[PDB]
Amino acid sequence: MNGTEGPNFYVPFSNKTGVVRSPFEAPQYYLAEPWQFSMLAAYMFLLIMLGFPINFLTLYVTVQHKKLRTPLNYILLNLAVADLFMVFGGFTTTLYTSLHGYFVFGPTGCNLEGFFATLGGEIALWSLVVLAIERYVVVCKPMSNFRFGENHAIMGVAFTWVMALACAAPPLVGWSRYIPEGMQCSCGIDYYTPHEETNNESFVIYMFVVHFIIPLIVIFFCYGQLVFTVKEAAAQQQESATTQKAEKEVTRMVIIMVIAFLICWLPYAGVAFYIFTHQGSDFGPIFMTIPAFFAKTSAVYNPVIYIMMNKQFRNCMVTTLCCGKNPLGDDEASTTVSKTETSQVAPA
């Protein structure tokens, strides 16, 4: 056999030399050099050191500024929370696991590890579909007098947690399951064994269709809509109204956010599908370790794209950070927002 299937695992290493051992009971240094695990450990550490501040700061700014209440300001507040669950929820276990060369906390740690990374990526994926819509409803404007209230935003946010949970929670209760992958310091869904006892083969198809092919289609198709309408071609102050102009920005961003997602997940999803379609074949520990760990940057790139592609949030952040105010920068030239300064309601 090319690997070593266990009742709880599947190490991508032959046990012909009987050197293989349950990744819930002993270091896996026979899969790779111990320094490479240190790498993972070092890496997971820097990610937690970056992901905590960036996602907490994002969260703190959003809340403190009473006007940052657009559908977009919601979705990204959502992403910051889900990213903080990633950091504290599973990243803590993945660094702890890399530090020991195996899942000391056994399957429980593997579930934390798997669940939160899943929950996080999936909340990002579904938040993209909500943006695709909101983006569409404003650009191709289907109604003749409609506008997304905060309520809607809270609806979209509630929707992403039902969809993400619909995909992330099943494996904890008998449908499919989380299993260690690559150097066995991370955990994902089961694409490795057909384990009929927990119905793995069906869940994997349920996840690649309901939580992937489909949301991607929506998102992609919706883009093909905002092709003839709002284009990437974004000029200066006013495009047909400084309003419309600044509309071209959110969409440009919502489009970058999509490219960042794919880059981050296509490789993982790709190897994952392969393995599903080539179970038991001869792949090694490094095969899935690279995309599996690279994809964890998903807990941080969102806020970065946000602060670099949103003059208003960046300013609100600079204002926040600068303790007092003085948003120096160039401001947004347009609306502003905060707590006691110029959060002065200015509708109609």
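Quick note: we count residues from 1 along the sequence shown, nothing fancier. The term rigid core refers to the maximal set of C-alpha atoms that superpose within 1.5 Å between the two forms.
**Student:** Find the stretch among 161-169 and 135-143 with the larger RMS C-alpha deviation in 4 other deposited structures of this protein, all structures being superposed on the shown form by the rigid core.
**Tutor:** Comparing 135-143 with 161-169, the one that moves more in 4 other deposited structures of this protein is 135-143.
**Student:** Rigid core fitted first, then name the stretch among 37-45 and 63-71 whose C-alphas deviate most from the displayed form in 4 other deposited structures of this protein.
**Tutor:** Stretch with the larger root mean square C-alpha distance in 4 other deposited structures of this protein: 63-71.
**Student:** Where do the C-alpha atoms have the higher mean temperature factor in this entry, in 16-24 or in 332-340?
**Tutor:** Per the PDB entry, the higher value belongs to 332-340.
**Student:** Mean CA temperature factor from the deposited coordinates, higher in 258-266 or in 131-139?
**Tutor:** That would be 131-139.
**Student:** Which one of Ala168, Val250, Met86, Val271 shows the biggest C-alpha B-factor in the PDB entry?
**Tutor:** Highest C-alpha B-factor among the listed options: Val250.
**Student:** Could you say which of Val173, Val230, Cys187, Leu99 has its CA atom at the highest B factor, as listed in the PDB entry?
**Tutor:** Result of the comparison over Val173, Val230, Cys187, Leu99: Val230.
**Student:** Test of reading the entry: by CA B factor among the chain's modelled residues, which third contains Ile217?
**Tutor:** Within its chain, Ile217 is a highest-third residue by C-alpha B-factor, going by the deposited values.
**Student:** Based on the entry's values, in what third of the chain does the Cα temperature factor of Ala295 lie: lowest, middle or highest?
**Tutor:** Its C-alpha B-factor, which the entry lists for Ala295, ranks in the lowest third among residues of this chain.
**Student:** Place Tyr178 in the lowest, middle or highest third of its chain's C-alpha B-factors, as listed in the PDB entry.
**Tutor:** It falls in the bottom third of the chain.
**Student:** With respect to C-alpha B-factor, does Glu239 fall in the lowest, middle or highest third of the chain as deposited?
**Tutor:** Ranked within chain, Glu239 CA B lands in the highest tercile.
**Student:** Just say lowest, middle or highest third for the CA B-factor of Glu196 relative to the other modelled residues in its chain.
**Tutor:** Its C-alpha B-factor belongs to the middle third of this chain's values.
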